[PDB]
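Visitor: Pasting a structure below so you can have a look.
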Amino acid sequence: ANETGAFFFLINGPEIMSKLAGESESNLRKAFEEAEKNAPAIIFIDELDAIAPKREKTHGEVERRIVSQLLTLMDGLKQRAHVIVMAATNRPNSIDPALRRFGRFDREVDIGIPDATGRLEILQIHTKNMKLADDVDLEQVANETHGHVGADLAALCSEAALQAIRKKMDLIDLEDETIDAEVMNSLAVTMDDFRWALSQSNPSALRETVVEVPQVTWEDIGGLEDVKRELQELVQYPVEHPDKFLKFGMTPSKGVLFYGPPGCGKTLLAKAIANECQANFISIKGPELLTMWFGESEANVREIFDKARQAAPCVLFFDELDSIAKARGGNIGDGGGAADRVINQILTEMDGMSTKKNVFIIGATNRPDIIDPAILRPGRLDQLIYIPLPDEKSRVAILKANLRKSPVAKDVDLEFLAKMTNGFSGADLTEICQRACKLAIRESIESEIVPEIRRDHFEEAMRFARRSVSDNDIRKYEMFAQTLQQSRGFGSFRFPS
Amino acid sequence: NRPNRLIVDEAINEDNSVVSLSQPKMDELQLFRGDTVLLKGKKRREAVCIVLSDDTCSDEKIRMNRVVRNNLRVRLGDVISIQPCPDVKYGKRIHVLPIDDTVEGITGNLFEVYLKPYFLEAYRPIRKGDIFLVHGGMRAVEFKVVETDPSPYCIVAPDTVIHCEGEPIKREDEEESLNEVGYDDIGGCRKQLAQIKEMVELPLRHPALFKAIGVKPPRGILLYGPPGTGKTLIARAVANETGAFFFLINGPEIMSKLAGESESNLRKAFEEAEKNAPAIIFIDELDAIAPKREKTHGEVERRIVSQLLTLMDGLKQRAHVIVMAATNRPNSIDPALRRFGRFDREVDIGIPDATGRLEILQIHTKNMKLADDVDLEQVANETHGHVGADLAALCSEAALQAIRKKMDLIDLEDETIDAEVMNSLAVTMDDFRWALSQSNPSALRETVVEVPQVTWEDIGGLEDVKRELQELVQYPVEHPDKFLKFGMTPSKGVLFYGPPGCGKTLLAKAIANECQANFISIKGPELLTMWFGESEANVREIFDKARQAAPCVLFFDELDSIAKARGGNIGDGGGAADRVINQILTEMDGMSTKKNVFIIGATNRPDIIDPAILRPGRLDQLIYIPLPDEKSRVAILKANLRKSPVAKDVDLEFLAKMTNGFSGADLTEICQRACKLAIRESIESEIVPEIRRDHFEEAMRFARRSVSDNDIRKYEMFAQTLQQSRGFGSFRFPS
Ligand SMILES: Nc1ncnc2c1ncn2[C@@H]1O[C@H](COP(=O)(O)OP(=O)(O)O)[C@@H](O)[C@H]1O
Ligand SMILES: Nc1ncnc2c1ncn2[C@@H]1O[C@H](COP(=O)(O)OP(=O)(O)O)[C@@H](O)[C@H]1O
Ligand SMILES: Nc1ncnc2c1ncn2[C@@H]1O[C@H](COP(=O)(O)OP(=O)(O)O)[C@@H](O)[C@H]1O
């Protein structure tokens with residue numbers, strides 16, 4: 001509003017209720033009237049969830065009067081002059097549905113927490129006024145923070161400035177009325193201040209939905225070339241060539257569900273597919289899906305699809321989809337079957353969605369024998385992909401992907417190390433590397449009283465090699481995959497004509 | 001740049017005006033140890049004090065006492081200058097003249113029994129116009145001389161004489177009443193006050209510095225803790241000693257008046273503070289102001305809440321003001337008040353531990369002198385659930401019992417009371433016992449957040465796990481750069497299992513003391529209280545209180561205790577998850593690993609824990625603690641036998657080797673039974689304070705064996721299955 005030559009008028013949320021009843025509505029009415037005279041103008045409401053809590057409050061005679069006054073003032077906004085009404089809130093469910101009718105708030109926009117590439121920018125956009133040192137960078141400090149609101153970072157910068165100036169103002173002791181500018185500019189900030197400020201900071205949005213752009217590509221996942229082509233030919237073709245799908249007359253697929261042994265990077269391929277297609281990514285993990293099975297609140301699963309469809313294109317990810325069945329039993333469990341208050345909510349919402357929208361649903365699970373057949377019905381989740389244990393040639397790439405960040409010596413051989421594992425999944429290799437690089441630090445610290453790993457740290461690290469995927473689950477998964485595949489009898493046949 | 005300035009910091013000594021400096025300062029200005037030093041302050045006045053050498057406080061600072069604080073008109077966070085004065089001073093006469101501001105209700109001679117025992121064996125220089133506090137007679141009174149010999153040349157010596165008149169003078173507004181609360185009047189909380197010291201001292205002592213820069217200072221600080229923790233006193237002290245106006249509105253003074261002007265009073269409270277800049281605003285009770293969670297009643301309640309929100313949303317730069325608020329629980333505050341620019345900064349105050357309650361004892365009982373056999377160290381150990389105000393109330397009530405046992409037989413019925421007998425009202429051991437037994441604690445069921453008092457010497461043996469715990473949680477903190485260089489993250493939690501009764505809490509408590517961090521305790525019964533309560537919001541802030549008091553460690557006891565009430569491996573139609581398992585790991589999934597926090601999981605049966613908890617990323621470290629060996633039980637028994645006297649003929653090596661299926665608790669119960677049976681013989685022989693060998697054979701009769709042979713194999717097969725180091729235990733790489 002300030003850079004369009006239009007008048008800006010701001011009423012936040014409580015300045016209306018602060019005054020006595022009777023004139024609060026008059027102030028709101030005159031706020032709209034004064035803006036019309038200064039056309040073009042704009043109206044912004046900072047807080048509105050405190051204005052119209054018409055869901056569970058049901059108290060106060062003047063509250064509904066103010067809500068109705070606002071509704072009347074905006075229903076009556078004919079052409080006349082040029083004005084735009086802006087409103088801000090915290091959650092979409094904290095707004096009176098009567099305000100969402102056409103002509104009042106028919107257009108909506110959602111703003112999420114920025115990712116690393118966004119928090120990096122918000123760093124300098126606030127710290128530009130202070131010069132930094134030659135060894136202080138904002139790229140690495142923006143990576144540890146993941147749950148900080150955009151205002152959290154600005155507050156962190158301001159607080160770190162105070163710590164930076166405090167360590168010198170005590171020994172300077174410049175007690176005077178006025179202050180010169182020849183010394184206020186030399187108040188540089190160092191590494192010791194951001195660490196303390198970031199450790200002392202208290203994040204605000206830590207449990208909101210994780211809607212960010214991932215930072216992993218196909219190079220981070222080793223092997224698994226069979227599924228890469230299947231995922232590449234399924235979700236990019238309908239977007240890059242929409243006309244070909246419309247010409248034949250059929251609709252593209254809406255979701256892909258895969259199963260396999262736990263610890264095979266079932267989240268990595270779902271995250272990497274978003275980066276190469278230049279789209280957003282959402283994360284609905286198992287614990288995030290068990291939080292409303294007990295909460296008796298089925299309204300929270302309602303807007304997780306709305307926030308995904310608003311940020312089109314996007315992809316929906318579901319982790320350990322059968323994790324709810326473990327708390328309820330399984331194949332038999334209690335007197336019930338394989339459905340509950342949350343299974344019937346997952347598919348009811350995605351049944352009525354438009355396939356034309358640039359959205360995708362990914363279902364990850366470990367045991368496919370517990371999932372109810374209703375989910376796997378043709379039309380919602382028909383694509384089934386089974387990921388087996390990684391081969392010998394794939395584990396080399398898997399290990400070298402994880403060993404990219406840590407320094408690697410020249411005598412480190414990986415081909416022999418990868419071929420000596422048979423019943424080891426993806427997580428078993430990562431934990432071995434973690435143990436080795438942790439044990440390296442112990443020798444470095446003990447020798448202090450070298451920044452390079454050697455071959456001696458390996459033999460002591462493979463001692464703690466764990467084998468989570470036993471032999472009982474391998475056959476159980478193979479018999480299910482073969483039963484669900486069924487390509488026998490007519491695998492090779494030539495048509496006469 | 002006149003290299004003589006010194007920063008002002010609060011001292012730690014509880015003596016008279018004695019300053020503390022560092023070791024290079026002694027040779028910087030050629031002073032000796034026992035010399036008289038002169039200090040120069042503002043308002044063109046001098047002072048005299050004594051230098052004390054210290055090497056532990058800091059590298060470059062001074063530690064100046066409360067007397068000369070107000071004597072020299074110097075507040076915390078200011079400049080000061082010091083200089084030697086090797087001049088021989090021999091005082092000859094002094095004028096005594098108290099001020100009637102605090103000398104009320106006290107008659108008789110208060111100059112020959114009150115100031116006399118305090119001046120001897122002190123050798124403290126005095127100056128014309130000094131303000132110092134002294135104790136005696138269940139109260140305290142300051143002193144001020146208006147006309148005496150011209151300073152310097154005043155030293156406390158027996159040859160000096162005294163003379164009194166008996167006409168107090170009227171005080172003026174030039175000085176400040178020292179009877180008010182200072183910074184040293186708060187005890188039991190050192191880490192919490194240091195945060196305020198670096199949060200409030202800058203915007204108040206340096207208004208133009210913040211008015212000239214673009215840094216936005218905090219506009220609101222929220223105070224936590226159970227009622228009576230001392231939230232009001234902290235706010236009163238941080239404002240009275242900064243030269244800033246203090247305005248207090250508690251909680252109900254707004255709702256007491258008729259509707260319509262309550263909002264006007266709140267509005268004018270903010271406006272009057274702006275004129276007296278710099279100023280401060282403190283709200284004693286706010287949970288009663290904005291109960292916008294479940295009340296949903298009252299038309300004017302939301303009006304007052306919105307008025308407060310509007311008044312603090314509109315707080316632009318203009319002048320310098322800090323709004324303080326206090327409450328009882330973080331969940332009793334309107335979330336609309338927690339937005340940025342209103343209460344973005346929060347601080348939590350917990351119940352002090354033994355080392356804190358000890359300090360709060362003398363900080364209140366300093367005004368009464370004690371006996372030679374009455375100590376506050378032992379009496380502060382039995383109390384664990386007492387609020388900081390509980391201890392002050394206990395001291396006041398114990399004073400009443402101490403005076404009652406003599407006032408009946410004295411029977412001094414008169415209008416006025418002399419000070420020659422009110423000072424002789426000493427308190428003995430019989431009064432604290434009765435007062436502590438009759439006292440009613442307030443916070444007994446709050447979260448136990450204190451610093452433990454156990455070290456590695458209290459746990460015998462178990463050297464295998466000591467190195468594993470030492471190389472896991474101290475290395476990332478002491479050497480953060482090494483973990484960042486490799487590019488991987490340190491571990492976030494360690495879960496261990498084993499037979500019950502092996503000190504699964506002792507190693508979790510001892511690891512906090514050697515790392516100088518706080519410790520929290522979430523036991524099994526504390527974890528089963530919300531499985532039935534149907535309230536999942538209480539597990540929400542137990543992590544917030546732990547992360548605010550960084551560094552800290554989270555401890556979980558008998559983690560599978562919930563599964564016992566629901567079954568176990570099979571149980572009901574469900575599996576191994578419920579309304580509380582899914583809340584333990586969901587909150588710790590999204591936490592930042594960079595924070596100095598740790599999670600410890602203790603359990604007895606590891607076959608019942610759901611595999612979701614043990615997933616790589618949340619709790620991946622598994623340690624199995626077996627039964628103690630023969631060489632470890634000797635240390636285990638001697639750790640428990642440290643407090644009780646031990647005879648010279650007591651052999652422990654043979655006593656430890658004769659136990660095979662005995663866990664840690666089985667040895668402690670044997671020692672408890674033996675030392676209890678010792679008291680029976682001592683009492684029976686009364687009609688000796690040393691144990692003998694006869695009390696043992698009668699005590700091992702009641703030896704119990706809780707850990708049977710069925711659980712040992714069950715735990716060993718699980719540990720071996722979860723370890724799996726066979727097949728590739730010894731292999732040499734070719735290259
Ligand atoms: N092809 C692969 N490339 C890179 N990492 C892999 C691959 N397969 C498995 N991993 C590793 O396995 C780990 C487990 O990932 P996760 O998504 O939790 O598996 P799951 O699908 O069982 O959830 C990941 O951290 C990942 O590094
Ligand atoms: N930590 C403490 N240090 C010194 N005195 C204390 C402390 N805690 C309580 N007191 C004493 O007990 C009283 C507790 O009252 P106060 O803390 O002001 O109310 P609240 O506990 O609601 O903040 C104080 O007035 C003070 O005299
Ligand atoms: N190594 C040890 N050193 C000292 N005490 C021990 C040791 N092992 C066990 N104990 C004793 O066992 C008792 C039980 O401790 P506790 O933490 O309750 O065991 P658990 O881990 O089974 O809960 C403690 O009071 C402690 O004195």
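Naming scheme: A, B, ... for chains in displayed order of the structure tokens; residues 1 onward per chain; ligands 1 onward as shown.
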What lies within 12 Å of range 253-265 of chain B using only C-alpha atoms, ignoring chain neighbours under 6 positions off, as a list in words?
Guide: residues 17, 18, 19, 20 and 21 of chain A; 271, 272, 283, 284, 285, 286, 288, 289, 290, 298, 299, 300, 301, 302, 303, 304, 305, 306, 307, 308, 309, 310 and 311 of chain B
Visitor: Got a sec to tell me which of range 353-402 of chain A DSSP assigns to alpha helix (DSSP H), as number ranges by chain?
Guide: A: 392-402
Visitor: Would you write out those residues with C-alpha atoms, as a PDB file, in the first residue's frame?
Guide:
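Final output, saved to result_16.pdb:
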```pdb
ATOM      1  CA  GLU A 392      25.877 -54.980  -4.137  1.00  0.00           C
ATOM      2  CA  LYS A 393      26.358 -52.315  -6.820  1.00  0.00           C
ATOM      3  CA  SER A 394      23.826 -49.966  -5.184  1.00  0.00           C
ATOM      4  CA  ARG A 395      25.284 -49.994  -1.662  1.00  0.00           C
ATOM      5  CA  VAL A 396      28.538 -48.460  -2.944  1.00  0.00           C
ATOM      6  CA  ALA A 397      26.604 -45.398  -4.116  1.00  0.00           C
ATOM      7  CA  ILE A 398      24.484 -45.410  -0.944  1.00  0.00           C
ATOM      8  CA  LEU A 399      27.602 -45.337   1.250  1.00  0.00           C
ATOM      9  CA  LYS A 400      29.446 -42.752  -0.856  1.00  0.00           C
ATOM     10  CA  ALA A 401      26.397 -40.463  -0.738  1.00  0.00           C
ATOM     11  CA  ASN A 402      26.618 -40.411   3.069  1.00  0.00           C
TER      12      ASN A 402
END
```
Visitor: So that I can see what lies close to range 456-469 of chain A, please list as JSON, numbers by chain the residues with an atom at most 9 Å from it, counting only C-alpha atoms and leaving out residues fewer than 2 positions away in the same chain.
Guide: {"A": [261, 262, 263, 423, 424, 425, 428, 429, 431, 432, 433, 434, 435, 436, 437, 439, 440, 443, 453, 454, 471, 472, 473, 474], "B": [722, 723, 724, 725, 726, 728, 729, 730, 731, 732, 733]}
Visitor: So that each row is one residue of chain B with an atom at most 10 Å from ligand 3, can you give its shortest atom pair and the distance in Å to one decimal, using only C-alpha atoms and all ligand atoms, rows by chain and rising number, as a tab-separated table?
Guide:
```
residue	atom	partner	partner_atom_place_in_ligand_line	distance
B:454	CA	ligand 3	4 (C)	9.6
B:455	CA	ligand 3	4 (C)	9.7
B:456	CA	ligand 3	3 (N)	8.2
B:457	CA	ligand 3	3 (N)	7.7
B:458	CA	ligand 3	4 (C)	5.0
B:459	CA	ligand 3	3 (N)	2.6
B:460	CA	ligand 3	1 (N)	3.8
B:461	CA	ligand 3	1 (N)	5.5
B:462	CA	ligand 3	1 (N)	6.1
B:463	CA	ligand 3	1 (N)	9.2
B:496	CA	ligand 3	21 (O)	9.3
B:497	CA	ligand 3	21 (O)	8.5
B:498	CA	ligand 3	22 (O)	7.8
B:499	CA	ligand 3	22 (O)	6.7
B:500	CA	ligand 3	22 (O)	3.8
B:501	CA	ligand 3	22 (O)	3.3
B:502	CA	ligand 3	9 (C)	4.0
B:503	CA	ligand 3	19 (O)	3.2
B:504	CA	ligand 3	21 (O)	2.4
B:505	CA	ligand 3	17 (O)	3.3
B:506	CA	ligand 3	17 (O)	5.1
B:507	CA	ligand 3	17 (O)	7.7
B:508	CA	ligand 3	17 (O)	8.3
B:509	CA	ligand 3	17 (O)	8.9
B:523	CA	ligand 3	23 (O)	9.5
B:557	CA	ligand 3	23 (O)	7.1
B:558	CA	ligand 3	23 (O)	7.6
B:602	CA	ligand 3	21 (O)	6.8
B:603	CA	ligand 3	21 (O)	7.8
B:604	CA	ligand 3	22 (O)	7.3
B:625	CA	ligand 3	21 (O)	9.5
B:627	CA	ligand 3	8 (N)	9.3
B:628	CA	ligand 3	1 (N)	7.8
B:632	CA	ligand 3	1 (N)	7.3
B:633	CA	ligand 3	1 (N)	7.8
B:634	CA	ligand 3	3 (N)	9.9
B:635	CA	ligand 3	3 (N)	7.3
B:636	CA	ligand 3	3 (N)	4.7
B:637	CA	ligand 3	4 (C)	7.6
B:638	CA	ligand 3	4 (C)	8.9
B:639	CA	ligand 3	4 (C)	6.3
B:640	CA	ligand 3	27 (O)	6.9
B:663	CA	ligand 3	9 (C)	7.2
B:664	CA	ligand 3	9 (C)	3.9
B:665	CA	ligand 3	12 (O)	4.4
B:666	CA	ligand 3	12 (O)	7.9
B:667	CA	ligand 3	11 (C)	7.8
B:668	CA	ligand 3	11 (C)	6.4
B:669	CA	ligand 3	13 (C)	9.0
```
Visitor: Those selected residues, please, written with C-alpha atoms and delivered as an mmCIF file, in the first residue's frame.
Guide:
```
data_model
loop_
_atom_site.group_PDB
_atom_site.id
_atom_site.type_symbol
_atom_site.label_atom_id
_atom_site.label_comp_id
_atom_site.auth_asym_id
_atom_site.auth_seq_id
_atom_site.Cartn_x
_atom_site.Cartn_y
_atom_site.Cartn_z
ATOM 1 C CA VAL B 454 25.416 -37.154 43.843
ATOM 2 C CA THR B 455 28.660 -37.771 41.968
ATOM 3 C CA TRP B 456 30.470 -40.716 40.366
ATOM 4 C CA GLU B 457 31.881 -41.765 43.755
ATOM 5 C CA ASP B 458 28.365 -42.587 44.994
ATOM 6 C CA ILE B 459 28.020 -45.320 42.337
ATOM 7 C CA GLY B 460 30.329 -48.298 42.821
ATOM 8 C CA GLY B 461 31.763 -50.175 39.873
ATOM 9 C CA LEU B 462 30.096 -50.006 36.453
ATOM 10 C CA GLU B 463 33.259 -48.674 34.820
ATOM 11 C CA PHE B 496 19.238 -48.389 28.994
ATOM 12 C CA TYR B 497 17.573 -51.507 30.377
ATOM 13 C CA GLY B 498 18.323 -54.127 32.999
ATOM 14 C CA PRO B 499 17.129 -55.829 36.170
ATOM 15 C CA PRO B 500 15.251 -53.542 38.580
ATOM 16 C CA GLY B 501 17.299 -52.271 41.501
ATOM 17 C CA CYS B 502 20.579 -51.380 39.793
ATOM 18 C CA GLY B 503 20.670 -47.618 40.372
ATOM 19 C CA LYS B 504 19.084 -46.672 37.044
ATOM 20 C CA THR B 505 18.430 -43.208 38.509
ATOM 21 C CA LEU B 506 21.872 -42.777 40.107
ATOM 22 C CA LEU B 507 23.844 -42.654 36.845
ATOM 23 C CA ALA B 508 21.284 -40.278 35.318
ATOM 24 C CA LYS B 509 21.575 -37.977 38.347
ATOM 25 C CA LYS B 523 9.173 -40.948 37.093
ATOM 26 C CA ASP B 557 11.720 -44.054 34.739
ATOM 27 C CA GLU B 558 10.181 -47.524 34.168
ATOM 28 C CA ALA B 602 15.168 -46.155 32.091
ATOM 29 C CA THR B 603 13.175 -49.382 31.913
ATOM 30 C CA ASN B 604 13.219 -52.894 33.359
ATOM 31 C CA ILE B 625 23.518 -53.128 32.727
ATOM 32 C CA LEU B 627 24.381 -57.719 37.757
ATOM 33 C CA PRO B 628 27.272 -56.120 39.672
ATOM 34 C CA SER B 632 31.992 -53.599 42.327
ATOM 35 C CA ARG B 633 29.790 -54.553 45.290
ATOM 36 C CA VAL B 634 32.568 -53.587 47.726
ATOM 37 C CA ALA B 635 32.448 -50.016 46.412
ATOM 38 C CA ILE B 636 28.636 -50.096 46.281
ATOM 39 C CA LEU B 637 28.439 -51.096 49.956
ATOM 40 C CA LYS B 638 31.136 -48.666 51.118
ATOM 41 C CA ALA B 639 29.349 -45.809 49.330
ATOM 42 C CA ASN B 640 26.246 -46.458 51.448
ATOM 43 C CA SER B 663 21.212 -56.604 42.774
ATOM 44 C CA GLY B 664 22.083 -53.102 43.999
ATOM 45 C CA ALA B 665 18.953 -52.625 46.109
ATOM 46 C CA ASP B 666 19.537 -55.943 47.907
ATOM 47 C CA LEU B 667 22.791 -54.599 49.374
ATOM 48 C CA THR B 668 21.276 -51.249 50.395
ATOM 49 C CA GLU B 669 18.342 -52.903 52.173
#
```
Visitor: Taking only residues of chain B that have an atom at most 7 Å from an atom of ligand 2, what is each one's shortest atom pair and its distance in Å to one decimal, using only C-alpha atoms and all ligand atoms, in chain and number order, as a Markdown table?
Guide:
```
| residue | atom | partner | partner_atom_place_in_ligand_line | distance |
| --- | --- | --- | --- | --- |
| B:185 | CA | ligand 2 | 4 (C) | 5.7 |
| B:186 | CA | ligand 2 | 3 (N) | 3.7 |
| B:187 | CA | ligand 2 | 3 (N) | 4.3 |
| B:188 | CA | ligand 2 | 1 (N) | 5.4 |
| B:189 | CA | ligand 2 | 1 (N) | 6.4 |
| B:227 | CA | ligand 2 | 22 (O) | 4.4 |
| B:228 | CA | ligand 2 | 21 (O) | 2.1 |
| B:229 | CA | ligand 2 | 21 (O) | 4.1 |
| B:230 | CA | ligand 2 | 17 (O) | 2.6 |
| B:231 | CA | ligand 2 | 23 (O) | 3.5 |
| B:232 | CA | ligand 2 | 18 (O) | 3.8 |
| B:233 | CA | ligand 2 | 18 (O) | 4.6 |
| B:284 | CA | ligand 2 | 22 (O) | 6.9 |
| B:360 | CA | ligand 2 | 3 (N) | 5.8 |
| B:363 | CA | ligand 2 | 4 (C) | 6.7 |
| B:388 | CA | ligand 2 | 8 (N) | 4.0 |
| B:389 | CA | ligand 2 | 12 (O) | 3.7 |
| B:392 | CA | ligand 2 | 11 (C) | 5.9 |
```
Visitor: Restricted to N, CA and C atoms, what would the selected residues look like written as a short mmCIF file (atom, residue, chain, number, x, y, z; two decimals), in the first residue's frame?
Guide:
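Just written: result_18.cif:
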```cif
data_model
loop_
_atom_site.label_atom_id
_atom_site.label_comp_id
_atom_site.auth_asym_id
_atom_site.auth_seq_id
_atom_site.Cartn_x
_atom_site.Cartn_y
_atom_site.Cartn_z
N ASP B 185 19.26 -9.07 47.99
CA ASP B 185 18.16 -9.52 48.84
C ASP B 185 17.38 -10.68 48.22
N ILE B 186 17.83 -11.20 47.08
CA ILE B 186 17.21 -12.34 46.43
C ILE B 186 18.22 -13.48 46.42
N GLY B 187 17.81 -14.64 46.94
CA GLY B 187 18.67 -15.79 46.99
C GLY B 187 17.97 -17.03 46.46
N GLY B 188 18.77 -18.05 46.18
CA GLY B 188 18.27 -19.32 45.69
C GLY B 188 18.10 -19.41 44.18
N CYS B 189 18.33 -18.32 43.45
CA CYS B 189 18.19 -18.31 42.00
C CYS B 189 19.28 -17.41 41.42
N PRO B 227 3.17 -19.64 42.85
CA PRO B 227 2.96 -18.43 43.65
C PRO B 227 3.81 -18.42 44.90
N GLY B 228 4.46 -17.28 45.17
CA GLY B 228 5.36 -17.15 46.29
C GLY B 228 6.82 -17.39 45.97
N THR B 229 7.16 -17.68 44.71
CA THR B 229 8.54 -17.94 44.34
C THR B 229 9.42 -16.70 44.48
N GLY B 230 8.84 -15.51 44.42
CA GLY B 230 9.61 -14.29 44.55
C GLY B 230 9.57 -13.43 43.30
N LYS B 231 8.53 -13.61 42.48
CA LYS B 231 8.39 -12.84 41.26
C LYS B 231 8.21 -11.35 41.52
N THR B 232 7.40 -10.98 42.52
CA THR B 232 7.19 -9.57 42.83
C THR B 232 8.47 -8.92 43.34
N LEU B 233 9.22 -9.62 44.20
CA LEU B 233 10.44 -9.05 44.77
C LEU B 233 11.53 -8.84 43.73
N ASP B 284 1.52 -8.07 38.99
CA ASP B 284 1.72 -9.18 39.92
C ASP B 284 0.91 -10.41 39.51
N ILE B 360 18.58 -18.74 51.15
CA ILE B 360 17.34 -18.06 51.53
C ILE B 360 17.11 -18.14 53.02
N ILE B 363 19.41 -15.20 54.34
CA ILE B 363 18.97 -13.93 53.78
C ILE B 363 17.75 -13.39 54.51
N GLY B 388 9.95 -20.68 48.19
CA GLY B 388 10.82 -19.68 48.80
C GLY B 388 10.14 -18.85 49.87
N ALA B 389 8.84 -18.57 49.70
CA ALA B 389 8.08 -17.88 50.73
C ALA B 389 7.76 -18.77 51.92
N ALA B 392 10.62 -18.30 54.46
CA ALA B 392 10.51 -17.04 55.19
C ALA B 392 9.39 -17.10 56.23
#
```
Visitor: Go through chain A residue by residue and, counting only C-alpha atoms and all ligand atoms, keep those with an atom at most 6 Å from ligand 1; for each kept residue give the shortest atom pair and its distance in Å to one decimal, ordered by chain and increasing number, as a Markdown table.
Guide:
```
| residue | atom | partner | partner_atom_place_in_ligand_line | distance |
| --- | --- | --- | --- | --- |
| A:220 | CA | ligand 1 | 4 (C) | 5.0 |
| A:221 | CA | ligand 1 | 3 (N) | 2.6 |
| A:222 | CA | ligand 1 | 1 (N) | 3.7 |
| A:223 | CA | ligand 1 | 1 (N) | 5.3 |
| A:224 | CA | ligand 1 | 1 (N) | 5.9 |
| A:262 | CA | ligand 1 | 22 (O) | 3.7 |
| A:263 | CA | ligand 1 | 22 (O) | 3.3 |
| A:264 | CA | ligand 1 | 9 (C) | 3.9 |
| A:265 | CA | ligand 1 | 19 (O) | 3.2 |
| A:266 | CA | ligand 1 | 21 (O) | 2.4 |
| A:267 | CA | ligand 1 | 17 (O) | 3.5 |
| A:268 | CA | ligand 1 | 17 (O) | 5.2 |
| A:398 | CA | ligand 1 | 3 (N) | 4.7 |
| A:426 | CA | ligand 1 | 9 (C) | 3.8 |
| A:427 | CA | ligand 1 | 12 (O) | 4.3 |
```
Visitor: Take the residues that were just selected and, keeping C-alpha atoms, output them as a PDB file, in the first residue's frame.
Guide:
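This went into result19.pdb:
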```pdb
ATOM      1  CA  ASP A 220      21.615 -38.555  -2.646  1.00  0.00           C
ATOM      2  CA  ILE A 221      19.872 -41.912  -3.231  1.00  0.00           C
ATOM      3  CA  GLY A 222      22.161 -44.695  -4.431  1.00  0.00           C
ATOM      4  CA  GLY A 223      20.936 -47.359  -6.815  1.00  0.00           C
ATOM      5  CA  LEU A 224      17.219 -48.108  -7.163  1.00  0.00           C
ATOM      6  CA  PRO A 262      11.834 -50.515   7.071  1.00  0.00           C
ATOM      7  CA  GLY A 263      15.026 -48.533   6.599  1.00  0.00           C
ATOM      8  CA  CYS A 264      15.181 -48.243   2.809  1.00  0.00           C
ATOM      9  CA  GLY A 265      14.863 -44.473   2.384  1.00  0.00           C
ATOM     10  CA  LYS A 266      11.091 -44.451   1.881  1.00  0.00           C
ATOM     11  CA  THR A 267      11.165 -40.700   2.585  1.00  0.00           C
ATOM     12  CA  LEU A 268      14.208 -39.931   0.409  1.00  0.00           C
ATOM     13  CA  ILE A 398      24.484 -45.410  -0.944  1.00  0.00           C
ATOM     14  CA  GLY A 426      19.800 -48.760   3.958  1.00  0.00           C
ATOM     15  CA  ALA A 427      19.748 -47.629   7.591  1.00  0.00           C
TER      16      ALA A 427
END
```
Visitor: Would you list which chain A residues are within 7 Å of chain B using only C-alpha atoms, as a list in words?
Guide: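 Selected residues: residues 14, 15, 17, 18, 57, 59, 60, 158, 170, 173, 199, 206, 287, 290, 294, 326, 327, 328, 329, 333, 334, 405, 406, 411, 413, 441, 463, 464 and 466 of chain A.
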